[PDB]
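Below is one structure; the comments refer to it alone.
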Amino acid sequence: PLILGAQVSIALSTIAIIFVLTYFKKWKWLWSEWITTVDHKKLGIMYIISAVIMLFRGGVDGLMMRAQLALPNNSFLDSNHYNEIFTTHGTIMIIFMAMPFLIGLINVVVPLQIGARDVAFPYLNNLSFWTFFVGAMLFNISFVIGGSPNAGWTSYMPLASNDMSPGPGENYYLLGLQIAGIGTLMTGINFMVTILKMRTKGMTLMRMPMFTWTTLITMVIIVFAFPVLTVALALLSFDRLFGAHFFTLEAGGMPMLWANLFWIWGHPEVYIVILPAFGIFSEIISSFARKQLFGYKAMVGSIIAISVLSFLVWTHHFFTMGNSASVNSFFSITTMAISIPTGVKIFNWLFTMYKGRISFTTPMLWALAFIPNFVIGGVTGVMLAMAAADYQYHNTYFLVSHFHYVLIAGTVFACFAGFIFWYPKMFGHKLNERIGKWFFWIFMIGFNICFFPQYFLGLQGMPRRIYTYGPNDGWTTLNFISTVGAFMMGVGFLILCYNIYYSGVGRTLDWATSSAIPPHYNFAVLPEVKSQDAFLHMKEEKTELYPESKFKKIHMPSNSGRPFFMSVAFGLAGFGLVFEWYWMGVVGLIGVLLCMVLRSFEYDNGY
Amino acid sequence: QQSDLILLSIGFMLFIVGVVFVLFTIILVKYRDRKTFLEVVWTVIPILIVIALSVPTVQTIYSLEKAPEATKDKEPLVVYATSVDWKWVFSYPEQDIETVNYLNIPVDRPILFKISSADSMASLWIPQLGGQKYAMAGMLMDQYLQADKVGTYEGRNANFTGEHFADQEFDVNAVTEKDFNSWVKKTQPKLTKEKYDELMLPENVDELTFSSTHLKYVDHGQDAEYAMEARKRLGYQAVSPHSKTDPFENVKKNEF
Amino acid sequence: XXXXXXXXXXXXXXXXXXXXXXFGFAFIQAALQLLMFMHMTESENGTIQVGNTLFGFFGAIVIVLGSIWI
Amino acid sequence: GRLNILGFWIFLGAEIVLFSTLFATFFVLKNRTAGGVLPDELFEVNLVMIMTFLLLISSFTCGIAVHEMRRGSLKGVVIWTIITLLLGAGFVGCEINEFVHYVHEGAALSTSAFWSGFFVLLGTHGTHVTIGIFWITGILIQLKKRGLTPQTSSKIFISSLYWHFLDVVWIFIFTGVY
Ligand code: HEA
Ligand code: HEA
Ligand SMILES: [Cu+2]
């Protein structure tokens with residue numbers, strides 16, 4: 001409670017700083033060219049700049065976790081604080097960090113590499129940012145205003161309603177993600193049609209090239225693995241507030257029923273975080289290498305395998321709960337059939353990097369370290385699929401050590417690769433390379449000495465979600481070495497922010513723009529392409545440019561201020577139901593009232 | 001430790017894969033600086049890596065079902081295991097005995113652990129027995145175990161965290177048959193009827209011998225609704241800030 | 001005119017559905033919606049339109065039969 | 001040409017997974033009610049509900065085909081879309097009185113775990129058919145200062161097929177819960 005007293009004053013200070021320094025007059029630039037802007041280039045900027053903001057929130061939380069877990073009998077965080085900090089840390093990632101960072105690199109790079117103007121529905125994509133942002137402010141306001149959840153990012157039901165006890169705890173996790181699920185669902189519907197009906201002439205479907213193909217698969221799983229989360233929380237939101245007994249222990253309801261609904265959404269969404277991570281690395285490893293992505297009949301054919309085979313495997317996070325044995329072997333054998341369509345994708349980057357030349361820049365280092373570190377984590381999840389042995393290393397850090405190797409090397413590096421490799425798109429010049437190598441090395445070496453001792457921590461006998469280990473067989477140093485590596489990755493985020501204070505070998509429509517920071521209309525003429533790689537075939541072979549007198553009219557999809565008011569109504573209705581208001585909400589019904597009025601405004605505006 | 005052989009043997013299988021990609025990168029790359037048939041032929045080895053495990057693992061999933069460690073189909077000992085918050089409860093249906101946060105089992109004897117929970121989901125890990133089974137509040141899950149050698153086996157929970165969950169470590173011991181038969185015949189306080197309801201509150205507790213089995217109360221493996229009649233009958237529901245300390249109304253058995 | 005043939009035939013499926021109670025009864029339900037939805041998918045934007053709902057019912061079988069599978 | 005007919009079409013494929021999750025929840029919570037009321041509902045109300053909705057699409061399967069596609073009954077839009085709009089209130093009014101009559105033992109989601117799914121599997125079900133009426137009448141405000149022609153006023157078709165997607169799970173609910 002003493003620590004949470006300073007941040008509420010700092011949170012008020014940052015809001016007070018905005019009024020004096022920034023709000024001299026903002027109804028001309030912030031409300032016009034931003035907030036409710038329609039250009040996809042500006043929307044994706046606000047996506048990743050929020051994920052970087054959440055990186056520091058999840059950073060101080062993730063650091064003080066391992067700082068608390070430096071050695072036994074440590075008294076940094078008590079029980080009800082280490083339970084809230086580690087839960088907030090996991091939920092800020094994946095949902096509020098990797099999702100806005102990946103889509104942010106998708107809502108910017110994908111519409112340029114296809115040649116189209118904007119996206120299919122640049123109006124619904126506007127609210128799809130604020131729909132997440134009001135869900136981010138909802139989950140973030142649980143700092144001092146109410147109470148952060150303390151049941152983990154999974155947050156099982158039997159320890160979430162009355163057995164939990166904090167009223168405004170799980171409610172934030174329920175209403176915060178329920179709103180962000182609406183915006184993310186529309187993000188997968190917008191790009192599924194943008195890449196299917198808005199491609200330029202000549203951009204064939206089988207070659208467009210492969211990163212935009214992963215985005216195509218990314219937005220396919222979103223459409224079919226997010227309505228689950230929409231009702232899975234809605235069912236849980238009815239248990240907490242409206243008094244439903246779907247999974248309550250009292251009225252007899254199945255406690256484990258909420259686990260399968262969350263994991264039916266869980267593992268398919270687990271690939272939605274690794275699919276664009278694979279795509280971003282697919283280009284950077286095949287752009288600076290000056291070669292061709294050798295393999296499409298078995299690489300794009302392999303990207304459709306994990307697209308449909310992601311819903312026949314989700315029952316591997318269970319196993320321990322004693323299922324029908326045969327069903328614990330069905331999803332155990334099937335999980336092995338998912339590391340093969342993913343396994344062929346690693347043998348496709350090393351043979352796209354051989355015979356051809358290479359030059360190790362900063363975006364290459366993120367692709368250089370992505371190859372081993374993701375495999376070192378992948379050669380551990382293969383053991384997790386073995387249900388006969390999953391009972392031994394279920395939870396107990398070895399689970400945590402496996403996935404932290406899989407996702408931080410997969411997506412967080414891709415979030416850093418696309419951050420620098422496509423930074424000249426965002427503004428002039430780029431990051432200083434030499435001191436950027438300082439950020440790579442320290443962040444890379446600290447990543448191994450943080451979770452590889454966790455492989456020993458978990459196998460020796462250290463479970464997860466524990467605030468004190470105790471002198472058990474001298475296993476103290478392994479928990480401290482993991483913390484040293486945990487704090488070594490902390491050193492660098494200063495360098496990362498220091499590099500932003502300063503304020504190419506393209507093979508696709510990346511640098512094919514008219515200049516740096518591309519204009520609003522993006523590409524005056526649509527490229528004919530008619531090849532697998534447009535930029536290389538439009539450089540040495542002939543030239544092909546944007547000739548004058550061949551221009552035409554504009555697009556004209558101007559801004560509308562409703563998405564901001566539409567998401568505020570969701571944020572107002574969600575916050576009202578969370579912060580107290582157990583049975584019903586006085587202002588929660590108004591948010592639905594304001595939303596349905598704006599949904600009448602949806603089909604009452606002619607443009 | 002029957003599935004432990006899978007752990008050690010599989011470790012070298014991926015140790016090779018970890019070094020194979022050391023050969024697939026470090027051998028070249030450095031040499032190559034400025035200063036269709038292989039993929040289809042590769043589809044013969046990837047199943048060969050997983051199909052060598054997609055059979056012994058399945059031959060073990062079905063192996064842990066029927067009668068496990070060292071007994072064919074004899075000596076059936078049953079031990080009802082129930083999980084309240086933080087605290088562990090074990091009742092023997094063979095003779096009216098029930099232990100709390102402690103358990104003794106004779107070596108080389110089949111034990112049919114009936115796994116259940118009271119208020120929150122849990123699972124008796126016990127890193128020396130190998131496989132763990134979730135304690136599902138509402139139904140009993142059967143899981144057989146045994147003891148390798150005589151010693152002090154550590155024990156913990158899956159730790160679905162909830163304030164008091166990291167200190168769920170309950171020490172168990174496995175001694176000889178002759179020393180186990182004299183342990184039952186020494187103890188068998190009693191089932192005080194009310195002290196059972198005095199257990200569902202989550203705090204800290206010591207040994208608590210208890211020389212009487214508690215399964216005469218709604219089975220507990222069934223009718224998992226024994227959380228309202230527990231915490232609420234003694235007038236207690238916690239919150240997050242202030243006015244806790246089990247919202248007044250005392251009577252319990254704590255630490256110190 | 002042509003839609004009245006399917007609409008009249010659909011009414012017989014619901015009437016026959018009551019006779020089942022008052023596999024064999026799980027296919028007439030999808031067959032009712034096949035005739036209901038086959039008059040408005042293809043084409044132009046088709047293939048993708050009628051294909052999007054094809055693997056969608058796959059998940060419905062995977063989710064339902066998968067939840068009951070435990 | 002409008003791509004909203006396809007963009008708001010894959011959303012109809014997403015609602016298949018939306019109702020399948022609720023169908024998975026309900027089908028696992030079927031054998032419960034260990035302490036409470038056993039489900040005994042009116043049979044004739046179910047057929048009147050379904051036969052009204054099966055005739056709802058009967059007046060809607062031919063409600064845009066022989067309307068805008070075949071010939072051009074621009075005056076019938078205040079006839080075919082209005083008559084089919086009154087049938088939407090038939091399912092709302094009947095299900096409301098069905099829920100109100102269920103207050104007599106088995107009210108809301110508090111009596112039993114089984115009734116929680118039934119009132120929600122038919123809840124957002126009832127919400128989807130309720131907002132559709134406010135969506136079908138939202139396009140009827142076009143035959144005034146607008147009055148657009150077919151192949152341009154896509155608001156009717158994209159809302160008609162969403163309204164058709166209801167009867168998909170509406171019948172699957174008939175075999176699902178009953
Ligand atoms: C995207 C995925 C992702 C990312 C990026 C991270 C980031 C980190 N995580 Fe986490 N983690 C999870 C996924 C992730 N985590 C999940 C899913 C859980 C469990 C969820 C749950 O069940 O609740 C979890 C919880 C978790 C655990 C296990 C909890 C337990 O079992 O008890 C551990 C282990 O040490 C950990 C450590 C770290 C560290 C050291 C980082 C580092 O990357 C830290 C990164 C930090 C920065 C980039 C900024 C550095 C900050 C500063 C420089 C500020 C310093 C200034 C001051 C202190 C004033 N986090
Ligand atoms: C980006 C997200 C992501 C990705 C891509 C993966 C990928 C995989 N994961 Fe994992 N996983 C998580 C996110 C992810 N996971 C999270 C968040 C958790 C914890 C959730 C929680 O409880 O909070 C988790 C935990 C988890 C579990 C549940 C453990 C439990 O019960 O508690 C399982 C079980 O099967 C698993 C296995 C796998 C496998 C087999 C793959 C495969 O897809 C990996 C494929 C890679 C390889 C197979 C190696 C590369 C292949 C080759 C080099 C070819 C040669 C190799 C062979 C032939 C073997 N991981
Ligand atoms: Cu998984």
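Every chain in the structure tokens has a letter given in the order shown (A, B, ...), and although residue numbers restart at 1 in each chain, ligands are simply numbered from 1 in the order shown.
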**Q.** Distance query range 61-63 of chain D at most 7 Å, only C-alpha atoms, self and fewer than 3 positions along chain excluded, as number ranges by chain
**A.** C: 3-4; D: 57-58, 66-67, 80
Restrict the selected residues to C-alpha atoms and save them as a PDB file, in the first residue's frame.
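Ended up saving to out36.pdb:
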ATOM      1  CA  UNK C   3     -37.602 -19.484 -53.326  1.00  0.00           C
ATOM      2  CA  UNK C   4     -41.109 -20.640 -52.406  1.00  0.00           C
TER       3      UNK C   4
ATOM      4  CA  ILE D  57     -37.362 -16.701 -43.758  1.00  0.00           C
ATOM      5  CA  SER D  58     -40.114 -17.968 -46.078  1.00  0.00           C
ATOM      6  CA  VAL D  66     -38.311 -11.509 -56.249  1.00  0.00           C
ATOM      7  CA  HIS D  67     -37.983  -8.035 -54.723  1.00  0.00           C
ATOM      8  CA  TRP D  80     -42.119  -7.089 -47.692  1.00  0.00           C
TER       9      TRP D  80
END
Mind listing the residues within 6 Å of ligand 1, only C-alpha atoms and all ligand atoms counted, as a CSV table (one decimal) with C-alpha atoms, in the first residue's frame?
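For reference, out.csv as written:
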chain,number,residue,atom,x,y,z
A,55,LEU,CA,6.7,-2.4,-22.1
A,56,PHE,CA,7.8,-0.2,-19.3
A,59,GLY,CA,9.1,-4.0,-17.3
A,60,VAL,CA,9.0,-2.6,-13.8
A,62,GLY,CA,8.6,-8.1,-14.4
A,63,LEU,CA,11.8,-6.7,-12.8
A,66,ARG,CA,12.6,-11.4,-9.9
A,86,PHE,CA,2.9,-11.3,-11.8
A,87,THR,CA,-0.7,-11.4,-13.0
A,89,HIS,CA,2.8,-8.7,-16.0
A,90,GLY,CA,1.5,-11.6,-18.0
A,93,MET,CA,2.0,-8.8,-22.6
A,94,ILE,CA,0.3,-10.9,-25.3
A,98,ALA,CA,2.4,-8.3,-28.3
A,152,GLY,CA,-2.7,-15.2,-13.1
A,153,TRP,CA,-3.2,-14.5,-16.8
A,154,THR,CA,-5.2,-17.7,-17.0
A,397,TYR,CA,9.1,-23.0,-14.1
A,400,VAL,CA,7.7,-20.8,-17.8
A,407,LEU,CA,7.8,-15.9,-27.4
A,408,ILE,CA,10.5,-13.4,-26.3
A,464,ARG,CA,5.7,-21.4,-10.4
A,465,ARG,CA,3.7,-18.6,-8.8
A,466,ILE,CA,5.7,-18.7,-5.5
A,486,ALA,CA,16.4,-10.9,-15.5
A,490,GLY,CA,16.4,-4.5,-17.8
A,491,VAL,CA,19.7,-2.7,-18.7
A,493,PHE,CA,15.5,-0.4,-22.2
Q: DSSP on the backbone, then: every residue of range 69-211 of chain B marked alpha helix (DSSP H), written as a ChimeraX atom specification.
A: /B:177-187,194-197
Just to be explicit: take each residue in the selection above, keep N, CA, C and O atoms, and write the result as a compact mmCIF listing (two decimals), in the first residue's frame.
# COMPACT_ATOMS: atom_id res chain seq x y z
N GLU B 177 7.08 -51.60 6.34
CA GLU B 177 5.77 -52.13 6.70
C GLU B 177 5.63 -52.32 8.21
O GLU B 177 4.58 -52.04 8.78
N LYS B 178 6.69 -52.80 8.86
CA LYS B 178 6.63 -53.05 10.30
C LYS B 178 6.48 -51.75 11.09
O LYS B 178 5.75 -51.71 12.09
N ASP B 179 7.16 -50.69 10.65
CA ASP B 179 7.03 -49.40 11.31
C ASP B 179 5.73 -48.69 10.97
O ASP B 179 5.27 -47.85 11.75
N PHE B 180 5.11 -49.02 9.83
CA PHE B 180 3.83 -48.42 9.47
C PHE B 180 2.68 -49.03 10.27
O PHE B 180 1.74 -48.32 10.65
N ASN B 181 2.72 -50.34 10.52
CA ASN B 181 1.65 -50.99 11.27
C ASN B 181 1.61 -50.54 12.72
O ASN B 181 0.55 -50.60 13.36
N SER B 182 2.74 -50.09 13.27
CA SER B 182 2.77 -49.54 14.62
C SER B 182 2.43 -48.06 14.66
O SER B 182 2.29 -47.50 15.76
N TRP B 183 2.29 -47.41 13.51
CA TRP B 183 1.90 -46.00 13.49
C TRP B 183 0.40 -45.86 13.59
O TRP B 183 -0.11 -45.00 14.31
N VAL B 184 -0.33 -46.69 12.85
CA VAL B 184 -1.78 -46.72 12.99
C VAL B 184 -2.16 -47.10 14.42
O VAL B 184 -2.91 -46.39 15.10
N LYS B 185 -1.56 -48.18 14.94
CA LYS B 185 -1.87 -48.63 16.30
C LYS B 185 -1.02 -47.84 17.30
O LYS B 185 0.03 -48.29 17.77
N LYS B 186 -1.49 -46.64 17.62
CA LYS B 186 -0.88 -45.75 18.61
C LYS B 186 -1.80 -44.53 18.69
O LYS B 186 -2.22 -44.12 19.78
N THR B 187 -2.15 -43.96 17.53
CA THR B 187 -3.06 -42.83 17.44
C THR B 187 -4.53 -43.26 17.55
O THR B 187 -5.26 -42.79 18.42
N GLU B 194 -16.80 -30.59 14.72
CA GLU B 194 -16.68 -29.16 14.49
C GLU B 194 -15.30 -28.74 14.02
O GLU B 194 -15.18 -27.79 13.24
N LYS B 195 -14.24 -29.44 14.46
CA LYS B 195 -12.89 -29.09 14.03
C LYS B 195 -12.69 -29.29 12.53
O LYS B 195 -11.80 -28.67 11.95
N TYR B 196 -13.50 -30.15 11.90
CA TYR B 196 -13.46 -30.27 10.45
C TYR B 196 -13.87 -28.95 9.80
O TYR B 196 -13.20 -28.46 8.88
N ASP B 197 -14.97 -28.37 10.26
CA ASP B 197 -15.38 -27.05 9.79
C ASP B 197 -14.36 -25.98 10.18
O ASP B 197 -14.31 -24.92 9.54
Exercise: residue 148 in chain D partners within 12 Å, only C-alpha atoms, chain neighbours under 4 positions left out, as a JSON list (two decimals) with C-alpha atoms, in the first residue's frame:
[["chain", "number", "residue", "atom", "x", "y", "z"],
["A", 606, "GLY", "CA", -23.64, 9.12, -45.83],
["D", 68, "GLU", "CA", -34.88, -6.25, -56.03],
["D", 74, "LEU", "CA", -39.43, -0.48, -55.10],
["D", 77, "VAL", "CA", -40.00, -2.44, -49.69],
["D", 139, "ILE", "CA", -32.54, 0.96, -43.32],
["D", 140, "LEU", "CA", -36.26, 1.76, -43.72],
["D", 141, "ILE", "CA", -35.37, 5.43, -43.08],
["D", 142, "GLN", "CA", -33.94, 5.54, -46.61],
["D", 143, "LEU", "CA", -37.12, 5.81, -48.71],
["D", 144, "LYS", "CA", -37.33, 9.54, -47.94],
["D", 152, "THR", "CA", -26.05, 0.58, -54.60],
["D", 153, "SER", "CA", -28.02, 0.49, -51.33],
["D", 154, "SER", "CA", -26.16, -2.47, -49.85],
["D", 155, "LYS", "CA", -27.65, -1.83, -46.38],
["D", 156, "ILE", "CA", -30.64, -4.08, -47.12]]
Q. What gap, in Å, lies between CA of residue 564 in chain A and CA of residue 158 in chain D?
A.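 Interatomic distance here is 25.0 Å.
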Q: Would you list the contacts of range 188-195 of chain A as a PyMOL selection string, taking every protein, DNA or RNA residue within 9 Å and counting only C-alpha atoms, but skipping same-chain residues closer than 5 positions in sequence?
A: (chain A and resi 107+110-111+114+116+118-122+124-125+183+212-213+215-223) or (chain D and resi 3+6-8+10-11)
Just the selected residues (C-alpha atoms), exported as a PDB file, in the first residue's frame, please.
ATOM      1  CA  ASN A 107      -1.442  -2.004 -39.789  1.00  0.00           C
ATOM      2  CA  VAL A 110       1.002  -4.895 -44.801  1.00  0.00           C
ATOM      3  CA  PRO A 111      -1.102  -2.206 -46.589  1.00  0.00           C
ATOM      4  CA  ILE A 114       0.064  -4.890 -51.216  1.00  0.00           C
ATOM      5  CA  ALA A 116      -3.587  -0.688 -51.958  1.00  0.00           C
ATOM      6  CA  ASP A 118      -5.763   1.936 -47.014  1.00  0.00           C
ATOM      7  CA  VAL A 119      -7.528  -1.136 -45.615  1.00  0.00           C
ATOM      8  CA  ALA A 120     -10.952  -2.581 -46.422  1.00  0.00           C
ATOM      9  CA  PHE A 121     -12.833  -0.587 -43.753  1.00  0.00           C
ATOM     10  CA  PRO A 122     -10.521   2.222 -42.588  1.00  0.00           C
ATOM     11  CA  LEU A 124     -13.944   0.365 -38.345  1.00  0.00           C
ATOM     12  CA  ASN A 125     -10.158   0.081 -38.046  1.00  0.00           C
ATOM     13  CA  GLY A 183     -11.485  -4.261 -31.545  1.00  0.00           C
ATOM     14  CA  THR A 212       1.736 -10.819 -45.957  1.00  0.00           C
ATOM     15  CA  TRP A 213       0.751 -14.490 -46.204  1.00  0.00           C
ATOM     16  CA  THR A 215      -0.683 -11.829 -41.853  1.00  0.00           C
ATOM     17  CA  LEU A 216      -3.394 -13.506 -43.933  1.00  0.00           C
ATOM     18  CA  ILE A 217      -3.172 -16.538 -41.641  1.00  0.00           C
ATOM     19  CA  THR A 218      -2.905 -14.290 -38.570  1.00  0.00           C
ATOM     20  CA  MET A 219      -6.235 -12.602 -39.322  1.00  0.00           C
ATOM     21  CA  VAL A 220      -7.895 -15.937 -40.147  1.00  0.00           C
ATOM     22  CA  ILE A 221      -7.375 -17.382 -36.662  1.00  0.00           C
ATOM     23  CA  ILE A 222      -8.524 -14.080 -35.125  1.00  0.00           C
ATOM     24  CA  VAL A 223     -11.934 -14.416 -36.788  1.00  0.00           C
TER      25      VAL A 223
ATOM     26  CA  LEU D   3     -16.948  -5.289 -50.281  1.00  0.00           C
ATOM     27  CA  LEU D   6     -18.078  -9.936 -47.829  1.00  0.00           C
ATOM     28  CA  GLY D   7     -16.477  -8.124 -44.888  1.00  0.00           C
ATOM     29  CA  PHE D   8     -19.666  -8.383 -42.835  1.00  0.00           C
ATOM     30  CA  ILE D  10     -16.900 -13.486 -42.513  1.00  0.00           C
ATOM     31  CA  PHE D  11     -18.339 -11.936 -39.351  1.00  0.00           C
TER      32      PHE D  11
END
Q: Would you mind telling me which residue in B:14, B:44, B:8, B:100 lies nearest to ligand 2 when using only C-alpha atoms and all ligand atoms?
A: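 For ligand 2, the nearest of the candidates is B:14.
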Q: Dump the neighbourhood of ligand 3 as a PyMOL selection string: all residues within 8 Å, distances computed on only C-alpha atoms and all ligand atoms.
A: chain A and resi 263+266-268+270+313-317
**Q.** Distance criterion (only C-alpha atoms and all ligand atoms): nearest to ligand 2 out of A:4, A:346, A:534, A:526
**A.**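 Between A:4, A:346, A:534, A:526, the residue approaching ligand 2 most closely is A:346.
Here the question is which of A:337, A:225, A:538, A:462 gets nearest to chain D using only C-alpha atoms, and that residue is A:225.
Among the candidate residues B:224, B:251, B:64, B:191, the one lying nearest to chain D is B:224, with distances computed using only C-alpha atoms.
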So which residues are near ligand 2, meaning at most 7 Å away with only C-alpha atoms and all ligand atoms counted, given back as a PDB file with C-alpha atoms, in the first residue's frame?
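Printed below is part_14.pdb as written:
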ATOM      1  CA  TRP A 153      -3.200 -14.497 -16.807  1.00  0.00           C
ATOM      2  CA  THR A 154      -5.243 -17.701 -17.038  1.00  0.00           C
ATOM      3  CA  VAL A 270      -0.862 -18.408 -29.182  1.00  0.00           C
ATOM      4  CA  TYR A 271      -0.066 -18.749 -32.893  1.00  0.00           C
ATOM      5  CA  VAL A 273       1.405 -13.974 -31.697  1.00  0.00           C
ATOM      6  CA  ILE A 274       3.962 -16.134 -33.545  1.00  0.00           C
ATOM      7  CA  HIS A 316      -2.428 -30.029 -24.189  1.00  0.00           C
ATOM      8  CA  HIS A 317      -2.485 -27.379 -21.448  1.00  0.00           C
ATOM      9  CA  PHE A 318      -4.676 -29.829 -19.499  1.00  0.00           C
ATOM     10  CA  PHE A 319      -3.366 -33.416 -19.297  1.00  0.00           C
ATOM     11  CA  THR A 335       0.750 -31.749 -30.728  1.00  0.00           C
ATOM     12  CA  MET A 336       3.731 -33.571 -32.232  1.00  0.00           C
ATOM     13  CA  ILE A 338       2.197 -29.300 -35.109  1.00  0.00           C
ATOM     14  CA  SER A 339       5.971 -29.008 -34.567  1.00  0.00           C
ATOM     15  CA  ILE A 340       6.488 -30.386 -38.102  1.00  0.00           C
ATOM     16  CA  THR A 342       6.426 -25.220 -37.829  1.00  0.00           C
ATOM     17  CA  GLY A 343       9.689 -27.172 -37.991  1.00  0.00           C
ATOM     18  CA  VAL A 344       9.988 -26.906 -41.774  1.00  0.00           C
ATOM     19  CA  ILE A 346      13.228 -23.020 -39.658  1.00  0.00           C
ATOM     20  CA  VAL A 375      14.659 -23.436 -31.341  1.00  0.00           C
ATOM     21  CA  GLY A 378      11.111 -25.223 -29.237  1.00  0.00           C
ATOM     22  CA  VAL A 379      13.289 -28.193 -28.256  1.00  0.00           C
ATOM     23  CA  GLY A 381       7.940 -27.575 -25.793  1.00  0.00           C
ATOM     24  CA  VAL A 382       8.301 -30.856 -27.677  1.00  0.00           C
ATOM     25  CA  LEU A 384       5.629 -30.635 -22.987  1.00  0.00           C
ATOM     26  CA  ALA A 385       3.571 -32.414 -25.656  1.00  0.00           C
ATOM     27  CA  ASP A 390       3.868 -33.623 -18.892  1.00  0.00           C
ATOM     28  CA  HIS A 394       3.560 -29.241 -15.447  1.00  0.00           C
ATOM     29  CA  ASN A 395       3.922 -25.638 -14.227  1.00  0.00           C
ATOM     30  CA  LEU A 399       6.914 -24.545 -18.296  1.00  0.00           C
ATOM     31  CA  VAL A 400       7.721 -20.849 -17.814  1.00  0.00           C
ATOM     32  CA  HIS A 402      10.046 -23.127 -22.223  1.00  0.00           C
ATOM     33  CA  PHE A 403       7.630 -20.438 -23.383  1.00  0.00           C
ATOM     34  CA  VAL A 406       9.612 -19.305 -27.449  1.00  0.00           C
ATOM     35  CA  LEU A 407       7.821 -15.949 -27.352  1.00  0.00           C
ATOM     36  CA  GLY A 410       9.828 -15.117 -31.502  1.00  0.00           C
TER      37      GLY A 410
ATOM     38  CA  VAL B  17      19.056 -30.816 -32.579  1.00  0.00           C
ATOM     39  CA  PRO B  46      10.442 -35.268 -39.042  1.00  0.00           C
ATOM     40  CA  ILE B  47       7.873 -37.929 -38.222  1.00  0.00           C
ATOM     41  CA  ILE B  49      11.668 -37.887 -34.634  1.00  0.00           C
ATOM     42  CA  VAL B  50       8.102 -37.691 -33.279  1.00  0.00           C
TER      43      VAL B  50
END
Which residues of chain C sit at most 7 Å from chain D, using only C-alpha atoms? Give each one's shortest atom pair and distance in Å (one decimal place), in chain and ascending residue order, as CSV.
residue,atom,partner,partner_atom,distance
C:3,CA,D:62,CA,5.3
C:4,CA,D:62,CA,6.8
C:7,CA,D:58,CA,4.9
C:11,CA,D:54,CA,6.6
C:29,CA,D:172,CA,6.1
C:33,CA,D:168,CA,5.7
C:45,CA,D:6,CA,6.8
C:49,CA,D:6,CA,6.5
C:52,CA,D:10,CA,6.1
C:53,CA,D:13,CA,4.9
C:56,CA,D:13,CA,5.8
C:57,CA,D:16,CA,6.8
C:59,CA,D:17,CA,6.7
C:60,CA,D:20,CA,5.1
C:63,CA,D:24,CA,6.4
C:64,CA,D:24,CA,4.7
C:67,CA,D:24,CA,6.1
C:68,CA,D:28,CA,6.4
Q: Would you give me, as a PyMOL selection string, the residues of chain A that come within 6 Å of chain B, using only C-alpha atoms?
A: chain A and resi 79-80+158-159+165-166+250+320-321+329+333+379+388-389+391-392+466
Please report as a tab-separated table every residue of chain D lying within 12 Å of chain B, along with the nearest atom pair and their distance in Å (one decimal), using only C-alpha atoms.
residue	atom	partner	partner_atom	distance
D:32	CA	B:138	CA	11.7
D:34	CA	B:223	CA	9.1
D:35	CA	B:223	CA	9.9
What are the nearest atom pairs, with distances in Å to one decimal, for all residues of chain A that come at most 10 Å from chain C, using only C-alpha atoms, set out by chain and rising residue number as a tab-separated table?
residue	atom	partner	partner_atom	distance
A:193	CA	C:48	CA	9.8
A:196	CA	C:48	CA	9.0
A:197	CA	C:45	CA	8.9
A:220	CA	C:52	CA	9.5
A:223	CA	C:56	CA	9.5
A:224	CA	C:56	CA	7.1
A:225	CA	C:59	CA	9.4
A:228	CA	C:63	CA	9.8
A:257	CA	C:67	CA	8.5
A:260	CA	C:67	CA	7.4
A:261	CA	C:63	CA	8.8
A:264	CA	C:63	CA	7.6
A:308	CA	C:55	CA	8.5
A:311	CA	C:62	CA	7.3
A:312	CA	C:62	CA	7.4
A:315	CA	C:66	CA	9.0
A:322	CA	C:70	CA	9.6
A:323	CA	C:70	CA	6.2
A:324	CA	C:70	CA	6.3
A:325	CA	C:70	CA	9.6
A:326	CA	C:70	CA	9.9
A:327	CA	C:70	CA	7.3
A:328	CA	C:70	CA	9.4
Q) Distance CA of residue 1 in chain C-CA of residue 38 in chain C, one decimal place? A) 15.4 Å
Q | For range 66-79 of chain B: contacts at 7 Å, only C-alpha atoms, fewer than 4 positions along chain excluded, given as a ChimeraX atom specification | A | /B:90-94,108-114,144-146
